[PDB]
Each structure stands twice: as C-alpha cells, then as structure tokens.
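To start, the structure under review is shown below, and the notes come after it.
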Amino acid sequence: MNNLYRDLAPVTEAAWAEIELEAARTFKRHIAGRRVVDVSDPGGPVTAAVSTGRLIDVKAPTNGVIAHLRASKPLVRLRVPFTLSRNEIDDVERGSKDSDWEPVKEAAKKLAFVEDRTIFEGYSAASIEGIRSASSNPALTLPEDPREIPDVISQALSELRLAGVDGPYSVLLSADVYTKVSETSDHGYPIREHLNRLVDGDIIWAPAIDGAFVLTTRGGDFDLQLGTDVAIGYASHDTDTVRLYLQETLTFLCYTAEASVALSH
Amino acid sequence: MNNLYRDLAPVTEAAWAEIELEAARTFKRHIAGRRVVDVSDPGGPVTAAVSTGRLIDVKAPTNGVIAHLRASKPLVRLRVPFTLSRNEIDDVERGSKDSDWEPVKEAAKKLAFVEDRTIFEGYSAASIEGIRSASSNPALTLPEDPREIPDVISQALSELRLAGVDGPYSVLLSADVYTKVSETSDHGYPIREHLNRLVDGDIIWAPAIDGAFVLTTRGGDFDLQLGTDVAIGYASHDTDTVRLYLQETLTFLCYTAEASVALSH
Amino acid sequence: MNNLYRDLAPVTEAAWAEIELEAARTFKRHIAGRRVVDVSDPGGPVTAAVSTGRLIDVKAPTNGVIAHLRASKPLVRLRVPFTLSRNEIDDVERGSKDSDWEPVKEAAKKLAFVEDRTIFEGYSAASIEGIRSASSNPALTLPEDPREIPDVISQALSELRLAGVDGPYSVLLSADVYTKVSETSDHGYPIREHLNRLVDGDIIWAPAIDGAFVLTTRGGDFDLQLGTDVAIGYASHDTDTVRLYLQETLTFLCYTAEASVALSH
C-alpha cells in the first residue's frame, strides 16, 4: 500500500477513471512550462535534492585540512487538496455522464498555476529563482496597442540573436496578452497569426505568467527536475464527501541566463 | 471497487458468509410474489426504466409535425439499512456459531415485505398499480368461519374460469388467513389441506399481503423487472457497530387484468 | 411486415429508390447538429428512455425503508407526413427523370429543422433543454456590420479558452448570418473565409438555428440518442395521391455546460 492510500478511499474504479481523466486533461491544458523546459524522469519518493556540481567553503575541522560542502537544490512537494461529493461518485456506476468533477478541475488548474509561476516567476522559499530573474538579457515592455506587440517580439528575437543564441524560439504569452493578440486583427488576420510567422517554435498560452517570454527551445538551458509527477491521493472521507489531494515533488534549474527574454507591461 | 464498498467494511470473510447466508434464507423464506410472477434477469446498475410500447400525445414543436413521447415505468431502488455488532463479527472467526444476526433477519424480512406489498397492494409513488387494483375480476370476501374459506376459493376459481383463464392456479393467503386455515380442521384434515385439493398450483404463505389472492401461474401476466437483485452494501462503522444495508432496484408490471382474483375481509 | 406498411403502398421500386434518394439528400443537406454532436446507434423500436444515472427522492412505502426513482429522459417520436401524386410515381417506370419530389424535399427539410431546433434551441415538452439554455458561458451578441463578426467569434473562442475547453472548435451560423458573412467581403475575401481561418473545425450552415454557436467537437459533451433513424412509412392512398410520412425517434442530452458559446442578435 502506497502512501497515497487510494485503496481506503470510498471511490469506485469507474469514478477513479473519470477523476484521473479530468485531472490529466485540465493539467495538460493549463501547463505551459513543460512545453519549453526539459522535464526529467521522476527520481522517486526518495530523491530530495539535485546536485549543482559546486562547492561551498566551510571552516576546517582541524589545522592542515581543507573542507567544502557540496552544493544542491532541495525538491519542494506541492499539495492541492480538493473535496468531492460521494453522491456524484455513486452516480458514475449508475451510468451518469455529467458528474460534478469541478473541484478536480480547480485543483489541477491550481497545481498547474503553481508549477508555471514557479518556473517563470520563481519561488524563493524553495530557492527557485525564476526564468525572469535569472535572465541576463534586457527586459522589454509590452505596449497597450496589441498591433504593436509583433514589433516588440521581433525586438526580443533581436536581443536573443545578439546574445548568440539560436532557435527554435517560442513565445509564451500571459492570458491577458494572449486574449489581446487573439481578439485584435490587422490586414484581416489576428495579431497572433502575425506572431506565429515571426517564430519557428510555438506561441504558447500561459495563463499563470505575467507579461510574456521569448525563449529558445534548443535544449540544455532550462531543467525541470521531477521527484514525483502529479498523483491523486486520499486524505479522509465522511458520509457526504471524500477528501483527496493532488501532489507533485520537483525543483527547477536554469543554466543559460541569455536563453530567454522577459516582457512586462 | 463497486458502489457497495464492502472492502471498506470491518467484516471478516467468515462473517460475510454467515450474513449472506442469513439474509438469503430470510428473504427466500418471506417472499411470495416471486413464486407466482415472472422475474427477469437483472438489467444492471444502468437500467432506469421499462418500455411499455405506448405513445403519449405531446404539443408539436412546429406546424406540420406530429409528436409523441415514448411511455415507460421508472425502476425504484429500495434500501433497508441495518446495524451489526462488531463483537459478534469478531466471534465468528473464533468459532462461534450463535452470533446475533437478528438485524440481518429484520432487514431481509422488511425488504421482502416491501417487495410483496408493492407487487400485490401497489406503490403509487413508484407508479406501481398492484395486482389487487389492476384486477378486473370481481372481488370476493373471506368469511370469519375458516371452514367456509374453501367455498369462496372455489368461487374465485369459477370467476377465473368465466374469464377464460386456464391454470395452473395458486392461492396466496395472508399470514392471518394462513394461520386460520392451518389451525382449523374438518373431517380430521386442516382446512388448508382442503385448499391444496382445490388447486393444481400451490397454497402460498404471504405474510405481507391483505386477504387472499387466487391467480393463474400460466405465464405472461405478471412481470417483475429487476434492475439489481438483493445486495448487501457497507455504509459506515465505528468502534462498536457496522452499518450495512440491503438494496434492490425493480419495478412491477401486469398485463392481464383478469388473471387474478382478490379476496378481502 | 414492419409498422411502416411500405408493401401496401402503391409505389413502385424505382419510385421508392428515387424518393429515398431525394429524402436522404435533403436531410443530409439541411442537418447541422449531427456534424457536431455524438450520434449513437439506433436502439430499436423498443427503446423508450435514456438512463441519466441520477436518483429522485420518493416517499417510503413503509418505515425503515429508503426509496428513490431512477431518473431518465423519454425519447420523442417526430412524424412529418407528406403527399405524393400517383401520376409522378407512374412516370418513373416509363423513364421520366423530372418527377415532382418536392413534397419529399419539404418533409425532409421540416424534419431536419425540427431536429436542429430541438438540439440547439430545445423542446421543453420532450424535456430537452437546448445547447443554448444549458450553456454556462456568457452569451455574446452578433453585430449588424458583417465585417465585425470575426471579432465576436474570436471573443467566443476566448470564452471557451477561459473555460478550460480545448478544440477543435466549429462555428454554426444561422442562414441569415451565413448569407451575410458569405456575401460580404474585406481585403478581397468573404468575411466567412476570415471565420474559416479563426477555427480548426468547420463553419457549418445551420438554417434552423437563431444567431450562432461556437462549440468544441472534442467529444463527450453533446449526445444525440437515436431510437430509430429517419424512415419513410406509408399511411394511406386514393386514386390520385399516396400519403406517406417521415419519422424518427430520438432525444438529446448535453453533459458539459461550458463546451459551447451561444450568440444572438
């Protein structure tokens, strides 16, 4: 019996399949960082830190001895608990196809948002500097007029060219910026079909981020280290509800400070 | 994991066998309708209604269109919860053969009584008209003298003959009437051995019904549609007790209004 | 002999083939909902209701019993009668290729219109809430200027994105709106070639609907349950005319309230 204790949950195998389907769908839908960073195989429940290869100076234990600590980054475990109604769980076996999986969707969306805020915007208590703060290229400003956004994206591509970084390049846009370039048009084409012609990679919807990011997807610059991937576990239950959670263990490392350009408002 | 959640119940496999034995025995003992009606195979947890073949007039959605709804009868799920002592459940594995399965017996008896009241006497909220109300033959009256009951049963058999219905005929007697014909005698034989000689079918003990019924068991007149048959499920438990329930999904349909005669007091 | 009684109709096999060809062509031409909803296999003439998996509270038949009705949606049978001239039926065997099948076309068009009004706009006597009323996304308004319609369709696509729903997306346009975007142009292209570039699914002509619909065609959101598909039956005939009808039995269910956006004027 794993530490998730799913066998103790008053949930049927049909309801489990529906919950796992909904969570996987929502997480894959709302996650943007995994499309552009390198994602490693999960290390297991035992892995607790990632080796940086660096040495930290420490006071010698005795004279004539030289001492260093090995430098590492800790993995952070993120848990999002949600509550399900047992009536909706019972309905699944009776053939219901409209069960309320809305809390599962909220939990998967919140987990995806936490992972993408962590990669792009950082999480300092976990010692994760984000792609924005680690970026060495100058930061550009997005204008209010959506028809001007293709100019600044070409400016960011020029900053990436000057840094000696080659493509393919992808653009990650905030939900607000993605809506503005999608609902605004010039020459009979959305301002976001203009962006699709500037780059050889994708234009990514990133509802978690601020502003925008232009970065290369050549590989070897951004590293998402997974301890365990997203899993559903069982917490508690009463007559009416079941208490579950979503969970993942990970840390993020970035090696190239000039592989990305960050944009803001 | 089924929606019964029997794996979460603090009940051993020996105690489960004893409980299932007791419930099956009591239900088979106290059920009378299944001996005379046609009982179908269970349709499963998904089946929710039985097609009648009829059409209901509905207002047309537009001019030059004719509309009908299909007519159907809903299946009703009946649940009888009961409570067991965990000490008696523990005693079974230690070799005890006198465990208190009295609540299981009460629950099985109540479920059997609900099923037989539903078939014979109806359940109007479920849209089940009983065999008594759907009967088109005239209703006869049982007398107080038990030695006169064989005369009225022969009168009912004559009413079934006049209706053009052929046997084999069975008589279902109320618990009171079954006790009166069993504990009263003429010519050195119980008044109920007299009834056994009037009919080519059985005399049925029916502790749920009022009065008596005389009906044919030729087939194709009374139909018990089973969604799921009697199953034991697990609700809850604490340190002292386990909370279980008996459950079944079904509806009843009758096609011949002259296949039965109902008797009362 | 089926209940359609086509063997009693004074119609030849050549005329039958021509009538069946014309009806199939017109129905496939004027039907839009079947292009975007899931259409099941016909259940047969016996199927009368579709199980929802839900339970309805009903008053207990006796104390210590818990009762629920199974919840289901009835199938509605729609019949459109039409009249054919027997002279035109006779002409077919003599080699005529211009027989008046106009009533067959009117009947097929009316049946298709009833099916699409039912899916999108509902039919409350059949207990069918339409895609418009079941939609949980906000409703958008179509402007009078046809050159502005691509902006509102991109707004609806943004509402579907915010709901967490992924494509492929299709747009269904009213006959009026489809004519307006087809007969109006900007940059040398119809305003409807602009719409074809916004979406990865189709732009559907829907002559039955009001306004427009933007919805996902990923599957598992809209369900058209067929009892019997469109069939031609024989009603009556005299010296001059034959009386036929078109017929189908179905109901519609929708499971995702955020899978569609409805537009109006």
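Taken together, the values in this text are just the output of simple stated rules run on the coordinates, not laboratory data. FYI the Cβ positions are ideal-geometry reconstructions off the backbone, even for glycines, and counts take in every protein chain you see.
Taking only the alpha carbons of the range A:1-153, what extent do you get along each of the three principal axes, in Å, biggest first?
Its Cα atoms span 75, 56, 23 Å along the three principal axes.
Test of the criteria: in the range B:183-265, which chymotrypsin sites (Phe, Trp or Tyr not before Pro) are in a DSSP loop and have at most 16 other Cβ atoms within 10 angstrom of their Cβ? Write out the running numbers ahead of the final one.
Working: sites: B:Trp205, B:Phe213, B:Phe222, B:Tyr234, B:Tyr245, B:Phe252, B:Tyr255; in loops: B:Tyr255.
Sparse-neighbourhood loop chymotrypsin sites (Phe, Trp or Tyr not before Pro): B:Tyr255.
Considering the dipole of chain B built from charges on the beta carbon (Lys and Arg +1, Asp and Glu -1) around the Cα centre, which of B:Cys254, B:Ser85, B:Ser72 is farthest to its positive end?
Highest projection toward the positive end goes to B:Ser72.
Which distances, in nm and shortest first, link the B:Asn87 label point to the same label point in every other copy, taking 7 Å along Cα→Cβ?
In ascending order, 3.8, 9.8 nm.
Dipole of the protein assembly as shown, Cα-centred, from +1 at each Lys and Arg C-beta and -1 at each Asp and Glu C-beta, to the nearest 20 debye? Display every interim value, and only then the final one.
Working: 81 positive and 120 negative charges, 166 e Å.
The dipole of the protein assembly as shown has a size of about 800 debye.
Once the other residues with Cβ under 11 Å from the Cβ of A:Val39 are scored (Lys, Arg +1; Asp, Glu -1), what is the net sum? Before the final figure, lay out each step's value.
On the way: positive: A:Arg34, A:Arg35; negative: A:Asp38, A:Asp41, A:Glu115, A:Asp223, A:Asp229.
Surrounding charge for A:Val39 is -3.
How much space per residue, in cubic angstrom, does the convex hull of the C-alpha atoms of the protein assembly as shown take up?
Working: hull volume 179.0 nm³, N = 795.
Taking only Cα atoms, the protein assembly as shown has a hull volume of 225 Å³ per residue.
So what are the three principal axis dimensions of the range A:19-80 from its Cα atoms, in whole Å, longest to shortest?
Sorted from largest, the Cα extents of the range A:19-80 read 62, 23, 18 Å.
In the structure displayed, which of A:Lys109/C:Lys59; B:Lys28/B:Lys180; B:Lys105/B:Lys180; A:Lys97/B:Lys110; B:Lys110/B:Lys180 lie more than 30 Å apart, Cα to Cα? Walk me through the numbers on the way to the answer.
Details: A:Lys109/C:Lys59 41 Å; B:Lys28/B:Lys180 23 Å; B:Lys105/B:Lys180 25 Å; A:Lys97/B:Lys110 33 Å; B:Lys110/B:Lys180 23 Å.
In this structure, A:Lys109/C:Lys59; A:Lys97/B:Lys110 exceed 30 Å between Cα atoms.
Only sites in a loop by DSSP and with at most 15 other Cβ atoms within 10 Å count here; which GluC sites (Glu not before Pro) in the range C:1-75 make the cut? Mind showing how you got there, number by number?
Details: sites: C:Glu13, C:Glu18, C:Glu20, C:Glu22; in loops: none.
Passing sites in the range C:1-75 do not exist.
Using modelled amide H (1.01 Å from N, peptide plane; none on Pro or chain starts), what sits under 5 Å from the amide H of C:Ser260, excluding residues fewer than 5 places away?
C:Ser136, C:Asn137
What does the charge count near B:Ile209 come to, summing +1 for each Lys or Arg and -1 for each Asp or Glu among other residues with Cβ under 12 Å from its Cβ? Show your work: numbers first, answer last.
Working: positive: B:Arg117, B:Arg132; negative: B:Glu115, B:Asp116, B:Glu121, B:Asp176, B:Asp210.
Residues close to B:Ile209 contribute a combined charge of -3.
With springs only between Cα atoms under 10 Å apart, run a GNM on chain A and tell me which of A:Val165, A:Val230, A:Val65 wobbles the most.
A:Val65
Need the full-extension length gain, A:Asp145 to A:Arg243, defined as separation in residues times 0.36 nm minus the C-alpha distance. One decimal, nm.
Numbers: separation 98, 0.36 × 98 = 35.28 nm, distance 4.60 nm.
Working it through step by step, the gained length comes to 30.7 nm.
For the pair A:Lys73 and B:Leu198, how long in nm is the line joining their label points, each one 7 Å along Cα→Cβ?
Roughly 9.2 nm, to one decimal.
What's the whole-number percent of alpha carbon pairs in the range B:189-265 lying beyond 14 angstrom?
Numbers: 2244 of 2926 pairs.
Percent of Cα pairs beyond 14 Å in the range B:189-265: 77.
Compute, for chain A, the length of the dipole vector about the Cα centre, with Cβ point charges of +1 (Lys, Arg) and -1 (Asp, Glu) only. Units Debye, rounded to 20. All intermediate terms of the calculation are to be shown ahead of the outcome.
On the way: 27 positive and 40 negative charges, 182 e Å.
That gives a dipole near 880 debye.
Which value in nm describes the separation of the simple spin-label points at C:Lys59 and A:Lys59, placed 7 Å from the Cα toward the beta carbon?
Taking the two extended label points, one gets 8.5 nm.
Looking down the axis that turns B into C, which residue of B has the closest beta carbon, and how many Å out?
Its Cβ sits closest to the axis: B:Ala49, 2.
B:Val46 label points, 7 Å along Cα→Cβ, one per copy: pairwise distances from this copy to the rest in nm, shortest first?
Those label-point separations list as 1.6, 4.6 nm.
Please list the equivalent ellipsoid semi-axes of the range A:47-134, computed as the square roots of five times the alpha-carbon gyration tensor eigenvalues, in descending order and whole angstrom.
47, 16, 8
In nm to one decimal, list the spacings between the B:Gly64 label point and its equivalents in the other copies, with label points set 7 Å along Cα to Cβ, shortest first.
Nearest to farthest, the other copies are at 6.4, 11.0 nm.
Counting each DSSP H run of 4 or more residues in chain B as -39500 (n - 2.57), what helix-only mean residue ellipticity at 222 nm follows after dividing by all residues, to the nearest 500 deg cm²/dmol? Each step should come with its number before you reach the end.
Working: 7 runs with 80 residues, N = 265.
Helix contribution divided over all residues of chain B: -9000 deg cm²/dmol.
Using the crude model of +1 on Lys and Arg Cβ and -1 on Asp and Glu Cβ, and no other charge, please compute the dipole size for the range B:1-129 relative to its Cα centre, in debye to 20.
Numbers: 19 positive and 20 negative charges, 154 e Å.
Computed charge dipole of the range B:1-129: roughly 740 debye.
Give the longest segment of chain C that steers clear of trypsin sites (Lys or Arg not before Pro) in DSSP loops with at most 14 neighbouring Cβ atoms within 10 Å, not counting the sites themselves. Provide the component values of the computation, followed by the final result.
On the way: sites that count: C:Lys59, C:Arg94, C:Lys97.
The segment C:98-265 is the longest one with no such site.
Please report the net charge: other residues with Cβ closer than 14 Å to the Cβ of A:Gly53, K and R +1, D and E -1. Walk me through the numbers before you get to the answer.
Values: positive: A:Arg54, A:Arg70, A:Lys73; negative: A:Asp223.
Its environment carries a net charge of +2.
Using the Cα gyration tensor of chain B, with a ≥ b ≥ c the square roots of its eigenvalues, what is the shape: rounded (a/c below 1.5), prolate (a/b larger than b/c) or oblate (neither)? Before the final figure, lay out the partial values.
Numbers: a/c = 2.88, a/b = 1.16, b/c = 2.49.
Oblate shape, in that a/c is at least 1.5 and b/c is the bigger or equal ratio.
I'd like the distance separating the alpha-carbon centroids of the range C:118-196 and the range B:142-187, in whole Å.
Each part reduced to its Cα centre gives a spacing of 72 Å.
With label points built 7 Å along Cα→Cβ from the Cα atoms of A:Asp166 and C:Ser136, find their separation and express it in nm.
Calculated label separation equals 4.9 nm.
Provide, in order from the shortest bin, the percent of all Cα-Cα pairs of the range A:107-243 in each 5 Å bin, continuing until the bin that contains the maximum pair distance.
2, 8, 16, 19, 17, 13, 9, 6, 3, 3, 2, 1, 0
Taking only Cα atoms and a 10 Å spring cutoff, compute GNM fluctuations for chain C and point out the largest among C:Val181, C:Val114, C:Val58.
Maximum among the listed residues: C:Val58.
Take every DSSP beta bridge whose two residues both sit in chain C, then give the antiparallel share in percent to the nearest 5. Kindly include the intermediate steps, with their values, before the conclusion.
Working: 40 of 48 bridges.
Around 85 percent antiparallel, to the nearest 5.
Of C:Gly167, C:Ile153, C:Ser133, whose Cα points farthest to the positive end of the dipole of the range C:129-221 (charges on the beta-carbon: +1 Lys, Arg; -1 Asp, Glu; origin at the Cα centre)?
So the residue we want is C:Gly167.
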